[PDB]
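Undergrad: Just dropping in an experimental structure and the matching sequence.
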Amino acid sequence: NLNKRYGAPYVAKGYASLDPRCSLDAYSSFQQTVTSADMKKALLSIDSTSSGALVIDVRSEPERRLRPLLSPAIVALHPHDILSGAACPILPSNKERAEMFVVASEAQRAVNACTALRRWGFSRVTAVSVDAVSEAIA
Amino acid sequence: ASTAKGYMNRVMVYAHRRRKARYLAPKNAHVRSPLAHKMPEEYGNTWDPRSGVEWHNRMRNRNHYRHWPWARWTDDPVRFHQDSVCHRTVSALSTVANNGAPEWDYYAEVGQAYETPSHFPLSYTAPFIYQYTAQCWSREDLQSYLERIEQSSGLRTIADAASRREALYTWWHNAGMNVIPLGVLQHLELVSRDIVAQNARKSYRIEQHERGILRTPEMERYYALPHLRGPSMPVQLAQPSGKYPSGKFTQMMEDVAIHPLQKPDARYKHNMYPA
Amino acid sequence: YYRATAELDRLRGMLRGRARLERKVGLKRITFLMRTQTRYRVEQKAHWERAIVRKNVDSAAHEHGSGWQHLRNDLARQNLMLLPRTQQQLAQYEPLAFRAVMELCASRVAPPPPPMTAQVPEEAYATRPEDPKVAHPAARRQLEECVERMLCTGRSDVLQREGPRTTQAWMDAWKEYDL
Amino acid sequence: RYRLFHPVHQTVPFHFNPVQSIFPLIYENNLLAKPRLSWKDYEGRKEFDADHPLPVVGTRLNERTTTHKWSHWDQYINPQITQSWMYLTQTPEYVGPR
Amino acid sequence: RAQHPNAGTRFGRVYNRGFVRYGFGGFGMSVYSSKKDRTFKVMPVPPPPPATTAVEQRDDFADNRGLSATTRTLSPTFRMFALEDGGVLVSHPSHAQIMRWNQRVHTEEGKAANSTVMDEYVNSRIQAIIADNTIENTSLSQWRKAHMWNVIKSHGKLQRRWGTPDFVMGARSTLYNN
Amino acid sequence: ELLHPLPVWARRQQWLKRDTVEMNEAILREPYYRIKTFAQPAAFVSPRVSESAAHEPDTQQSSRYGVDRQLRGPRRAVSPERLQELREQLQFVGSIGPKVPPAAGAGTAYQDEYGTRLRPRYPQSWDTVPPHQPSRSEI
Amino acid sequence: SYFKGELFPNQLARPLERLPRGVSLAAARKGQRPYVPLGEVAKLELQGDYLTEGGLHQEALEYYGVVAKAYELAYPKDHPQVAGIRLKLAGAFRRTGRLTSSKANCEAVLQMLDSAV
Amino acid sequence: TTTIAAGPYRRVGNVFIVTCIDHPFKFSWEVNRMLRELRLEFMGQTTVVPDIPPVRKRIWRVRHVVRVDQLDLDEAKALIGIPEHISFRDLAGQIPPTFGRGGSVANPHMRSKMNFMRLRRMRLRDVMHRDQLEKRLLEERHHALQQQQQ
Amino acid sequence: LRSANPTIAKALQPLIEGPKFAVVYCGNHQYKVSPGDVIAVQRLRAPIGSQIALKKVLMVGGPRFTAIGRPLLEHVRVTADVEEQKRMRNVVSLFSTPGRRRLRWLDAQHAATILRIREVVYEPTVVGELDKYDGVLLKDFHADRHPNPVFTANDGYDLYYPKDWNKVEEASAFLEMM
Amino acid sequence: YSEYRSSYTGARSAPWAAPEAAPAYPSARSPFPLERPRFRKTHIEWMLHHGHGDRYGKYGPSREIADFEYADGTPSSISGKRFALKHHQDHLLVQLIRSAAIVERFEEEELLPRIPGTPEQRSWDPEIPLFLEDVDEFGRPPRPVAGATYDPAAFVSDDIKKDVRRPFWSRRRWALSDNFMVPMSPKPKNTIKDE
RNA sequence: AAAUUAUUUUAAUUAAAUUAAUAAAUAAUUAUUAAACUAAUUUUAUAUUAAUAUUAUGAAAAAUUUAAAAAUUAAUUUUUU
């Protein structure tokens, strides 16, 4: 005689609180764009004397050797350290005010890593540009 | 509780047998069952059930299977544990040449995750080639061999060194041959024919994952719904309800609410004198 | 098989009629009535006997409007640690002191905090430039926190001064053995 | 109820055994290791002061002993004690009859 | 018959009380069901006093309130102080100051119409407690009526059994059972 | 035999069971580690995601405030370079190997003063219990 | 889980080796209570040993000082235990070179041991 | 502060504190095997196992038996008062390897011959001591004799 | 006694004087101990006729106060003297199951030292008055005023409230501290 | 004299809040994070919470503090069972230090996998998301512009419906309601695999 | 078939197959005596053996499977000092 002791958020609960909707919104941010100004605002977040790297690149370790972008001290996270939740101890506190970015080799991984973020309670990230952040050297 | 004089003399109130070592495996011996003589993860292997006494005599080192894996690892019938790289060389200066020869494939049978796409330069297959050729060339030495190849020869990419193994060697013969030990080359050829192979197996694995084959990281099939492109509940595809559609209004059985001003159908009771 | 007869042979003196006269029926009786006590006593006497003590303190907590259902849990709240066998001595022989425990739990007084695990004295994070004659900042930290606590326990003769006794010289009581 | 939910972090309380117990000089950085290796190695009770001697309240390992017969070593050392044929006890390997 | 150790209960079979119930499986042995549990179950809780505080005196599983809500009577007398160790020093009125108070409440209890012949009896027993501590409880009475006989058998060595050397005092001291 | 029904209190205290296991396997799918930074606080609040029904906030009369007192507090070893600034001061007194005695100011070693087998005469007592039988730690 | 220590004859209360009755120290050497929280200093005097065994001799000197002060208050003159601590104390100076007081504080334990019985 | 923290990133493991909430004698021979590899047999026993991978399976198989608790290592270096700079691979490098019940060798005989020789290398430690006194006195009795004739 | 408030130690001092019972904790057992009271504790390796102070003390109460020491009280001295160091009455466990032919007469002599307490003194240190019903240390302490004045719990809103005899439902807590 | 330590270092956290301020009571709701049953700490969760074990005389200030002491102050002796406790205390530290001297090793050689959960476990629980990287989990990405949402709540209705009585109080609705399956009388638990 | 005489102890367990003008014999178990530390992991955890002694054919509650079974049969985890 459950749901009398436990709530309705029992038995009628799709304990899959992971990704019924976020994955979609991940493919939404994939669609719009990211460009210079979308990095230039992040440049101001690098211009902010408080240095916490904004964008992160989820790319294989041989890839980054080929096009090194590590210049502004941005964070290089293996895409599982994001998915698995091992990266939350280094992730902004303001889940609703922060928007980092996610660079990736091919834009499928980026959105596939940014959906992991939005599963971790993060709200804004437009989630890709492998080539812009190099054209925005900063 | 009910402890009574000694380790393993705990609860002593349930009637189980203490001092019985429940951790130890059952001596299944003669009994025939898939659960025989198998570490519990190997229970699914019902095609090689390990029942029978001889499997009891040889999993445990019983009578004459007393050293059972009569040929375990640490014997090689072929090369008897001596490295097959000739040190007896004509000139002592060139003894270091043969170092780094491939004794087998070294790259395909292991199945490493070479995440290098086949269009990278050659200098990015050095971290793989090394792990099998240390004790032959320092890591920073390879990056002197795996660059003179890129500079001197017409080969640049992992895909090239897999499509031009003939054109590469002929360069090495007529241009290298004094610095780059051909050990590197046949190692360089063994990875470039793998990185190219795996990328074909990855690029295919990604190209089925769209066509809907959907296998997990460990490659077991997992069936999962496709993404929605239209309305979730079917409308022009709906199957008829399946229960005789005598609506709630043709036989006002229940669940029907009507304003009291708008009471219908009393043509003999109270609609004959409507208001 | 040894029936410990000479350990029972003189103890039939307190059995009843037929058992005392004859021996093979006298033993058989006592070596059973004994064999059931030491089985009743190990597994059954407590969970009966410790229910008189619970029925006592309860109905003695019941006099003060609280139950055992509430007292047994409102004691462990206050970290008070009085075994029930003791609360039964207080329920009877010290009624006021018991109701004191009663009126304590019902009170909204903050129970004592759980004990703090060991802390890291911050001198471990400085690197003493090692001079032979000066103590490490973490020792004279530990010491002062061990001497202030030795002056804490019991009225003694040790530099007997009112309230807090003398310390800054107690830490340097080695020079008093120095030449 | 018997399904207690607590931080099992609570059931091995380290309030009394922090690393200043086993490593007594760790806030002193020299990191010395002075543990108690086993219940076996316990040397025994020892008077902290000589003025309070530990009492002699015997146990089933003292109050219940027997007179020392002479072993074949005590008769090999000092043959001045094998004084009767009841001292020529058999080989030590012969434990006794079945 | 296959007489092998480990084929059943090692030597025969016995039915101790930890078996007749909680048998193999815990659901109990078929026969020898078990004795009914004739212990003394504790009684259920009294009702708490009415609220009239508006402090959420009703809440049961809250951090502030200890479970028991016992604001009974001359509890304000049990005015407690906070020690140093974290303890408490409860100053209460002594067992005489209460029985002497109880007399006052009781002596003005039955006097309104007529103190009954039992009401005169109680104030005597009450006035007998302040003076002599004439105790009325079993725990001492059960103890004293016996402890005297037990200690007089000592002063006057009415043993009849002087040997009793802890082997014969073995059964005794256990055929008694508290 | 199973004749009369399982008493209700048992079923309820067995629904707490599956909701214990449903709380173990929430622990057994955590990442094996946590990418952390040196400069930042140790655990500023930084728990797992165990803020479903968060308790004991009171910072005292809380079980954890012997620990998170120091975690949330500013981390002293604030950089990998600061670590060697701190790790280069600790010695190992008993470890196997050679040493350099005059590294201190004027200390003269002990084990080469009372020999290797002799131990200082520790005052044996209830509270103070020293290691017993020291000649059994030589493997 | 906690396993209580086994009983074994290696755990007897051996007697502390007393020099015989009709003999005093120098007879051979010249031929060649109040409540004092001893529970608190026994733990302290131990913590001195761990420091003189580790190599923080100067820091162990300051502890043994305290123990040399509580011990001479609890036990009377001539006592053996008060001779035990001003003995290790004398071994604490010598690590730190103060041999002026080390030998002196150690020559006094003899004049504190011989005068005993 | 709206920024992914920037700094040299250290990773910290986890340490599981495992207890036993269900009796072991109700379960299988494999589940009892896992509990044995977690140093857990009796109800109420408690051990502190690491979060390494092959432990994660052992604990997983017996989830219905134990009650786990996870600690990040920094949340362990404070549960026991430990300086942040001292790691644990130097704290353990101090305790002897022969801690109580040193090894777990393949059967209680091999255990009883691992404790035997351990009680021998004590005998030999005093005997290698008692001759090293003689070998030095013998090498001196030789030099006293040798130099005697000069 | 000691205190931080000079007026507390004036009113609380006359309470501590008198015979005091302490609830010691010796040998994993608790005892209620009066000064000239004799207890039988599990064997403490102590000589006979030697003084002993018992460390763990959970409670000390006198005729009028009672210091409910949360888990343990410090600064209290309950010293005692060992009289006997002996094996109390021996209770034999006769162990034999009715299956096997084998008996085990296990004589469990219970080694127990028998203490006679001498000194039960208490040196508390009161911080401040503590109001029971909302625990906060009070600034000022007045001997006469009850910090938690109490009121009859009969609102009149119910019919089935049990009205005891109208002498006890109309009562006050006699003011004792003055 | 009595003593109260509660920890190896003493220095108890102040038991009293403030000269008059609020007293900061402890959390008295059992840590069973669902929030619906709302349990209470039960004596044993309030003995653990105070730093004993689940029993009174285990690990607690009731086991560390001496049984007694010679009234002059000369402390007790090392009870043969006491030492075996100090070894049991040290055996927990070393159980913790070793079990972290292994972890502080594994992260050094990268041996700790990045995918959380053993291979067999991850096949068992569908909440650890598959660790595909360069593909989408459910096959093809939502190529169609989503603005593509299915809400379980529209069509999936889990309503605890009251099984309504066949209304006998009205004549006609009793006859329609006469679901002609009242011949459930063929429900004999008959032999389902024989005749 | 009925018996087979000496308390306070100090290492655990079951097995179920080849055969029988149907059980003194064999495996497997148990037992007595004795053994040597082969990659696999934690710094985890592990009764594996040899040599002899051995008058045994049938496994609670489950999970199922034969059989009119109306239980027997297969099954396999229990099996209290």
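TA: That came through, no problem. Numbering: from 1, shown residues only, chains lettered A, B, ... in the order given.

Undergrad: May I ask you to confirm that residue B:228 is in contact with residue J:148?
TA: Yes - Residue B:228 lies in contact with residue J:148 (C-beta atoms under 8 Å); the separation is 4.1 Å. No exception for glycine: its C-beta is placed from N, CA and C like everyone else's.

Undergrad: what residues are shared contacts of those two?
TA: Common contacts of residue B:228 and residue J:148 (C-beta atoms under 8 Å, 6 or more residues apart in numbering or on different chains): residue J:142.

Undergrad: so what's whichever residue of chain I sits closest to chain J closest to, chain neighbours aside?
TA: When scored by C-beta to the nearest C-beta, chain I has residue I:51 as its residue closest to chain J, at 3.4 Å. The spatially closest residue to residue I:51, leaving aside those adjacent along the chain, is residue J:71, at 3.4 Å (C-beta to C-beta, 6 or more residues apart in numbering or on different chains).

Undergrad: same deal with residue E:108?
TA: That would be residue I:167: by C-beta to C-beta, 6+ apart, it lies 6.9 Å from residue E:108.

Undergrad: which SSE is the one you found in?
TA: In this structure, residue I:167 sits in neither a helix nor a strand according to DSSP states H and E.

Undergrad: That one and residue C:95, how far apart?
TA: Distance, residue I:167 to residue C:95, by C-beta to C-beta, to the nearest Å: 21 Å.

Undergrad: Same check on residue A:68?
TA: As judged by C-beta to C-beta, residue A:68 and residue C:95 stand 82 Å apart.

Undergrad: quick one: which of these two has more around it?
TA: residue C:95 (18 against 11; other C-beta atoms under 10 Å in any protein chain shown).

Undergrad: And for residue 24, the neighbour number?
TA: Using chain A here. As a burial measure, residue A:24 scores 19 neighbours (other C-beta under 10 Å).

Undergrad: The intended chain is chain I.
TA: 29.

Undergrad: Nearest spatial neighbour of it, chain-adjacent residues omitted?
TA: Closest to residue I:24 by C-beta to C-beta, 6+ apart is residue I:54, at 4.5 Å.

Undergrad: next one: residue B:32
TA: Closest to residue B:32 by C-beta to C-beta, 6+ apart is residue B:51, at 4.2 Å.

Undergrad: can I assume that neighbour is in contact with residue B:59?
TA: No - in this structure residue B:51 lies outside contact range of residue B:59 using C-beta under 8 Å: 11.1 Å.

Undergrad: Please enumerate the shared neighbours of those two.
TA: residue B:37.

Undergrad: can you tell me which residues contact the closest residue to chain H within chain I?
TA: Of all residues in chain I, the one sitting closest to chain H is residue I:28 (18.2 Å; C-beta to the nearest C-beta). With contact set as C-beta under 8 Å, 6+ apart, residue I:28 has these partners: I:42, J:57, J:62.

Undergrad: Next up, identify which helix or strand the second one is on.
TA: It refers to residue J:57. Residue J:57 belongs to no helix or strand when assigned by DSSP H and E.

Undergrad: List the contacts of it.
TA: Contacts of residue J:57 by C-beta under 8 Å, 6+ apart are I:28, J:63.

Undergrad: if I look at it, how far off is residue F:129?
TA: Going from residue J:57 to residue F:129 by C-beta to C-beta gives 19 Å.

Undergrad: Wait, residue J:6 touches residue C:115, no?
TA: Yes - Residue J:6 lies in contact with residue C:115 (C-beta under 8 Å); the separation is 4.3 Å.

Undergrad: Need the overlap of contacts for those two.
TA: Residues touching both residue J:6 and residue C:115 (C-beta under 8 Å, 6+ apart): D:15, J:12, J:51, J:61.

Undergrad: In TSV: these, plus distance to chain B.
TA: Compiled in TSV, those are given as follows (distance: C-beta to the nearest C-beta, whole Å):
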residue	distance to chain B
D:15	24
J:12	32
J:51	22
J:61	23
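
Undergrad: Those residues of chain D touching RNA strand K, which are they?
TA: residue D:97 (C-beta under 7 Å from any atom of the strand).

Undergrad: quick one on the thing from earlier: looks like the residue nearest to residue I:24 contacts residue I:78 (just checking).
TA: Yes - contact status for residue I:54 versus residue I:78: in contact at 4.8 Å, counting by C-beta under 8 Å.

Undergrad: Look at these two and report which has more neighbours.
TA: residue I:78 (32 against 29).

Undergrad: Show the backbone phi and psi for the more buried one.
TA: Per-residue torsions, residue I:78: phi -120, psi 90 (degrees, to the nearest 10).

Undergrad: Could you list which residues are in contact with the nearest residue to residue F:90 once chain neighbours are set aside?
TA: Distances taken as C-beta to C-beta, 6+ apart place residue D:29 nearest to residue F:90, at 3.7 Å, with adjacent residues excluded. Neighbour list for residue D:29: C:124, F:89, F:90, F:91, H:83, H:86 [criterion: C-beta under 8 Å, 6+ apart].

Undergrad: follow-up on the earlier one: next step: the shared contacts of residue J:6 and residue C:115 restricted to helices.
TA: In helices, defined here by DSSP state H, the members of these are residue J:61.

Undergrad: What's the local residue count around residue 8?
TA: Using chain A here. Residues near residue A:8, counting by other C-beta under 10 Å: 10.

Undergrad: My question was about chain D, not that one.
TA: The burial count for residue D:8: 20, using other C-beta under 10 Å.

Undergrad: helix, strand or coil for the residue nearest in space to the middle of chain A?
TA: Geometric centre of chain A, nearest residue: residue A:114, 3.6 Å, by C-alpha atoms, centre = their mean. Taken by DSSP: H, G, I helix; E, B strand; the rest coil, the conformation at residue A:114 corresponds to helix.

Undergrad: Residue H:142 now?
TA: Residue H:142 is classified as helix under three-state DSSP.

Undergrad: ok, it - how many residues close by?
TA: 10.

Undergrad: if I look at it, how far off is chain B?
TA: Here residue H:142 is placed at a distance of 48 Å from chain B (C-beta to the nearest C-beta, to the nearest Å).

Undergrad: residues in contact with that residue?
TA: Taking C-beta under 8 Å, 6+ apart, we find residue H:142 in contact with no residue.

Undergrad: Spatially, what comes nearest to residue H:57 if we skip its sequence neighbours?
TA: Spatial nearest neighbour of residue H:57, chain neighbours left out: residue J:118 (4.1 Å); criterion: C-beta to C-beta, 6+ apart.

Undergrad: Wait, the one you found touches residue H:55, no?
TA: No - assessed by C-beta under 8 Å, residue J:118 is found out of contact with residue H:55, at 9.3 Å.

Undergrad: State the phi and psi torsions of residue 2.
TA: No chain was given, so I picked chain A. Dihedral angles for residue A:2 - degrees, to the nearest 10 - are phi -60, psi 180.

Undergrad: so it touches residue F:15, yeah?
TA: Yes - counting by C-beta under 8 Å, residue A:2 touches residue F:15, with 7.3 Å between them.

Undergrad: Which one of those two is surrounded by more residues?
TA: residue F:15 (16 against 10).

Undergrad: Within the helices and strands, which one has the more buried one?
TA: Here residue F:15 is covered by helix F:8-24, with elements defined by DSSP H and E.

Undergrad: Around residue 20, count how many other residues there are.
TA: No chain was given, so I picked chain A. For residue A:20, using other C-beta under 10 Å, the count is 13.

Undergrad: Chain I, not that one
TA: That count, for residue I:20 with other C-beta under 10 Å as the rule, works out to 21.
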